[PDB]
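S.K.: The structure that follows is given in the form of structure tokens.
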């Protein structure tokens, strides 16, 4: 139905800013919100039909040590969204404690926008894992949202903290945030910063402005994932239907990101299907096997093309299977958006549940285990000591992520009547 | 050329839209049925558009031509067919112009797809959500107005506000020969398009609407139980596995239906925009209906006798699980094991049946046997 | 007029072009993948010794000129061709000492020359005359007859009609020579057999069906 998007932290407000600018350029609206003459669509998914003839998005603006949020303030896209709810770092414990002491009025801000829309489908959190500003406050707000409203969906667009990096408390912060992500979320969309960094340094020759270009990538992915909700189809006009097939069980709810053009700066469905199935057109970079894949395509699609393409995908076997059942790559067709640039006219994206993300999890667990065994990299942060003098939450998070790795490896098995 | 006759208890091999038909017996054996149908088409068409418009006036020229045929003996089919088809072409272009233009057919096809065939996902999903208790309750006369005004409120709720051809839509909960069982949708038809939409085509549309709405209804509530429990035992995690497991094959069923709707509707619309013949539009509707009736597989009883069960098992599971979020050792396990085994049975049976051989049916198998758990069956 | 509107719609030449292309470049690749079984496996490889399924339907106005028992003959020549291509690819996949390679030439030349004969001197010479005959047939009746007298002479030249106990068996046993040499890569005891069966073929073929002498002197 209707989605209320939450943005917090400098990185989260950055990706929310670029996503809102992307949807402003995509739909027929000005940066003030002035209606265009070209706009089967919907403008009520992220947008309220708001009360000065601007389709003002329902966005929660949160700031914590604002630097780039000031630049968001003096901007032409501050006439698109500002319901005036801006209310005030480098650690998970600091952001968690600061979010703890002021949960009341920001929950009232959440309540205001929850009363704002007529219907609700989910809460999409613009979040950065171990980003400092987003960290801690994001995990605490995740606890507040999932506890306060058990009837709705929680989505968290997340990065994986590896940017070729100094912060040595970052494995502890990412471990605690990942504990919150596994326990207090219905679905998590995870990307790798190093993968998008490699793709960006590949397609161009940029080295310094990597942040802004990564923002372009995640905003394009976020628009592409909700195109089937924003444009009326037949299925996944609600979030829970797209969330349902990829997630077989409440512990494996972490989804890989794919999108078959890495380019927007002739083509058929058959070629982009075989181009999608390689792990180097995946923007997230023993037996490793997908649980379930779902692909959504948008373009000038001949309906016979998806049919024989799926034929070729079967008898080639270029996708990793699921042992305990059928749960396979599903072909979904969506409408080509108005006022999008005419490159890669047939363009598809995929969301997939893969066991290969367990490797990235255990790598970060190994980094945490190294710094935890050495006992020289807690740095004695005062909020970390005052929050937990015994630091048993790190042990609990380690246990939870170990159970997560075991359940991943158990889902890898042909028997998943053996658990972890 | 008028639709008037002067017979006194006799026949001239013909028996608005009143007492017009041809019988094979009274028609002579050396005149074929082919030219006779063209004659009958001319008479019926001219009779239809002549009144209530208060039309063509080439009647005298055509009559002089026929009269010239009467003067010159005797019978030879080639002259007769030439003059009858010369009337037929002008009549057909006239009749086509009237029906397609004075009332638009294109908007009708758009509305019929948008509602009978579930072309508005958000409207129909909000309608399922809002009118839940209304459609759940057993049939009575006065619930039909409630579900109609809720269905109109959702149309305004998505922010597509439009008067005219939305009030022509109704939800008909009949009574005296759960409210979902007697649920229907209806649509009104104008006078030029009146002959095109006869009770049969809309009768089939209603059944398609019921099938698609049943699976769309099943999907959301299975998922609500699943997400409710996900947000929170061995019994617990088994149910979420099972929720997903049923949702899969059910979603694939609805997707095969999505495939046939796109592929056949493109042909229908494209044929309508590219023709100036009245008969070809009738034939386009014929092809559309026959293909759709085949692809639902309602013609064959066993696969139908299985898809009913696919909806049924999810209904029972959703009602049982929602009572207690905590574990059910109150004969929850007894139904849970039967549910997963019977889902295996029914999904395997429909998989076997889906295994002439239309293409779309054929590669619908080729999703799940990518990932090989019906390669083991 | 009837023959003209049979070559402007329902073109018999189109089905003819497809026919003799569904045996003999593309169908080489298909069968060489099978070198490295099952009847449903073949369907899915196809849609991507002897063997495969060869079938396509003819529309009814050309189904009264192309018989159902004409398809069986298409399959017969397909089978014979597949055995030669199998023997050729078994002898052309291999990467003692350098001595194995003389045994390679000693057999590979023989099957290659035979392949050149079977295609060019029969299936393309007789095909090239046959096309120039059918493009001047303006009758329903003669069109069947020239076709049957095209198959029944290629079926004679590539002999299958009778004396398959004096011609066919030699080709069958040199197919097993392909297997025996395929395994080894004893070796000397293979050309002792090859020189025996080659001379047996020549000493049988020396009396002549008459077209067989065109290889018995090569």
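Here chain A follows Swiss-Prot, giving residues 3-41, 45-93, 101-177, 180-279, 287-306, 313-447 in order.
Placed from the backbone N, Cα and C atoms, the Cβ positions cover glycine too.
Pasting the feature list from Swiss-Prot:
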type: MOD_RES; residues: A:131; note: phosphoserine
type: BINDING; residues: A:142, A:143, A:144, A:145, A:146, A:147, A:148; note: GTP binding site
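Mind mapping these onto the model and telling me what they sit next to?
M.R.: Other Cβ atoms within 10 Å of the Cβ of residue A:131 (phosphoserine) number 16 in total over all chains.
For the recorded site, residue A:143 (GTP binding site), the DSSP three-state label reads coil. Sequence-distant contacts (6 or more apart, same chain, Cβ under 8 Å) of residue A:143 (GTP binding site) comprise A:11, A:12, A:13, A:14, A:171, A:173.
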S.K.: List every residue in the same chain as residue A:144 (GTP binding site), at least 6 positions away in sequence, whose Cβ is under 8 Å from its Cβ.
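M.R.: Those within reach of residue A:144 (GTP binding site), by Cβ under 8 Å and sequence separation of 6 or more, are A:11, A:101, A:102, A:103, A:107, A:181.
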S.K.: Provide the list of recorded positions among A:131, A:145, A:147, A:148 whose C-beta sits under 8 Å from chain B at the C-beta level, in sequence order; use 'none' for an empty result.
M.R.: A:131
S.K.: Once the chains shown are all counted, how many other Cβ atoms turn up within 10 Å of the Cβ of residue A:146 (GTP binding site)?
M.R.: 31
S.K.: Let's check the environment of residue A:148 (GTP binding site): how many other CB atoms sit within 10 Å of its CB?
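M.R.: If we count other Cβ atoms within 10 Å of residue A:148 (GTP binding site), we arrive at 31.
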S.K.: Hey, of the binding-site residues listed (A:145, A:147), which one tops the CB count within 10 A?
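M.R.: Most Cβ neighbours within 10 Å: A:147.
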S.K.: Suppose the GTP site is A:142, A:143, A:144, A:145, A:146, A:147, A:148. Which further residues of the same chain have a Cβ inside 8 angstroms of that site's Cβ centroid?
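M.R.: Counting only non-site residues, the set is A:11, A:13, A:101, A:102, A:103, A:104, A:107, A:140, A:141, A:149, A:150, A:187, A:191.
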S.K.: Sorry to bug you, but what's the C-alpha spacing from residue A:131 (phosphoserine) to residue A:148 (GTP binding site), rounded to the closest Å?
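M.R.: Given the Cα positions, residue A:148 (GTP binding site) is 29 Å from residue A:131 (phosphoserine).
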S.K.: Can you tell me the CA-to-CA distance separating residue A:145 (GTP binding site) and residue A:131 (phosphoserine), as a whole number of Å?
M.R.: 30
S.K.: Where does residue A:131 (phosphoserine) sit by DSSP, helix, strand or coil?
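M.R.: Coil, per DSSP.
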